[PDB]
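Comments concern the structure below.
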Number of protein chains: 2
Amino acid sequence: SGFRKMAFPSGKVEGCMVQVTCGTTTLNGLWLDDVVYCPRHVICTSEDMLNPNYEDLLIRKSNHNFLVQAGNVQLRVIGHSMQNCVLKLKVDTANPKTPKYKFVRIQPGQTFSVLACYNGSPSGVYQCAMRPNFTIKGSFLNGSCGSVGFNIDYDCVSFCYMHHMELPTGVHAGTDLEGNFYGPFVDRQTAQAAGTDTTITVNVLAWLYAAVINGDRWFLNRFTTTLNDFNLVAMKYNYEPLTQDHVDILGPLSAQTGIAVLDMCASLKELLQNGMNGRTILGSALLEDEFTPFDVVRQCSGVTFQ
Amino acid sequence: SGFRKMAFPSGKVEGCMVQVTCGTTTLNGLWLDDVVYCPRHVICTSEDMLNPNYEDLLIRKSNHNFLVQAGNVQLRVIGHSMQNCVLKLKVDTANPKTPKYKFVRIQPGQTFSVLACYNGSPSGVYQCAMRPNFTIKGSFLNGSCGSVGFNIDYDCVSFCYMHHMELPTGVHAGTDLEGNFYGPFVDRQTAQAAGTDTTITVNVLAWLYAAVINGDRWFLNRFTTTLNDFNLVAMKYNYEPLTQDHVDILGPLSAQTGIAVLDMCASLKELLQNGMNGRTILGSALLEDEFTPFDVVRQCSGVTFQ
Ligand SMILES: [Zn+2]
Ligand SMILES: [Zn+2]
């Protein structure tokens, strides 16, 4: 028992991080097969960040102007195209450490692990949520650009995020591994606004089920509710709408705990409507939305061998 | 900017985990050099847990009754002694993956990363605190015995914890790598009580300094206080005593932020004495004590290369 915000083990990823220097400007890259991937703004410096003309910048400092090191200066750079906001470095040799991997684009509310890196070496790892408004509330200092997010479980890494920028509020923004930003952001540094950030309701409910399995049961209803009256209330507190798709992904948990989804939904309301009381649930005085239903189950039925 | 409960990258540790089976009973072990380390209770089964006679148990199921696998059945077991609560398996070959490592015993209030493992393969990683009363509030299911905790930064692993038991309340208890329990616990399953758990005051204060560096400044005093009047109050809320040693480890942070320790101390009081208001600080509606002063600094001045 107990319950912690757990990250995936980072081993299969630490061996894929390199550094990329192009001029000054040196950041982290991702070395899979014979390709390094990294933020394309590694080709910029100063007032370039204000309005970069990426195509004009990239046609001048050539292939030998890019240094990629894996644990020492010695990868040969013999190619380059720009895929969206990502650079792509055709290089000399495969990584003798490249794990089984894949590139995925994930949806708001899903979680993943970030391996925070600075100039090519791992700093730490934490688990977080892609927010409804396509930002992440990360922990990034200067030099961590190119750090990646991923999911495991299986034999592999599913890569889903590359870090690109800090917005003027402390929030973080980045791309998939095809260089398409999540959300309406661009790799420039003028003025960029994200969402109202809403609470990921299906994740709160999944977390309430984890609390019941842990024996933190004081908040339980008995009441019930309609999915309409629920969603009517969820909203005026900036909780995203629960739908039938959400109800279905939660059924495994309903089955374990003997608590129907609509009943838990009825329980969430009173926490929202009436009080929380600064009673605690699973360590926290608020409500928690960075655990998916799969994350919570990831403990009964899947984390190692038969 | 931003601030997350970060764990150390787990790569150097994933390659040191094996499984150990001895009869039935199969758990995780730690393969360094030519030695596997694991909880000695891997030699028990049923009502053995009630009062194990470890010396009597161990003199019968011999060296070939122990199977140790690293990513496949094939390590040869040719030796064994019992060091305290830890088994110690003289085996055939060195691990071709053994990192630079060391064994350390740490003090209450210090933090480390746990690599939760089930039958020899990594499940996830999280960062936590050794509580004043020598327990940890972990996340462990059956089969995770032998999972280890560690600190990195450097070139290595500092190993500080091996998981042994869940107490009847959900709290967790274990040993150093010399098999000496942290706290007054024994690897038996009768009745065992731990502390009143107190709050790690020097860690709360370090976390308040992280909040100021992040720009979460609403709670700041200006007032001041005496170390006596502070400690008088800290206590009746079950906060451990701040001492001059604590004040000294915090000086680097005081210097960065321009806020003297006694002034932050004066600020902590009002949070304790008057209200919190369910205003938030750095994500949390409470106060947070699983970040050390070193953890908080670990971001300005040390996490990669020059
Ligand atoms: Zn950058
Ligand atoms: Zn056990």
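Just follow the structure's listing: the first ligand is 1, and inside any ligand the first atom is 1. Just the heavy atoms: all of them, side chains too, but no hydrogens, waters or symmetry mates, feed the values below. Residue numbers begin at 1 in each chain, while the letters A, B, ... track the order of the sequences.
- A/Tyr182 carries A/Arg105 over the face of its six-membered ring, with the cationic atom under 6.0 Å from the centre and within 45° of the normal.
- Defined by atom type and a distance below 3.5 Å, a donor-acceptor pair is missing between the side-chain atoms of B/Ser121 and A/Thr304.
- Among residues two or more places apart in sequence or in another chain, the salt bridge (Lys or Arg N to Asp or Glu O under 4.0 Å) test is passed with B/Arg4 by A/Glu290.
- For the atom pair CD1 (A/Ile43) and CZ (A/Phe66), the distance works out to 6.0 Å, reported to the nearest 0.5 Å.
- Residues passing the ring-ring contact (aromatic ring centres under 6.0 Å, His included) test with B/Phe3, sequence neighbours excluded: B/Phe291.
- Counting only residues at least two apart or in different chains, side chain to side chain donor-acceptor pair (under 3.5 Å) contacts with residues 70-87 of chain A comprise A/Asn84-A/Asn180.
- Protein N, O or S atom count below 2.8 Å of the Zn ion (ligand 2): the structure gives 2.
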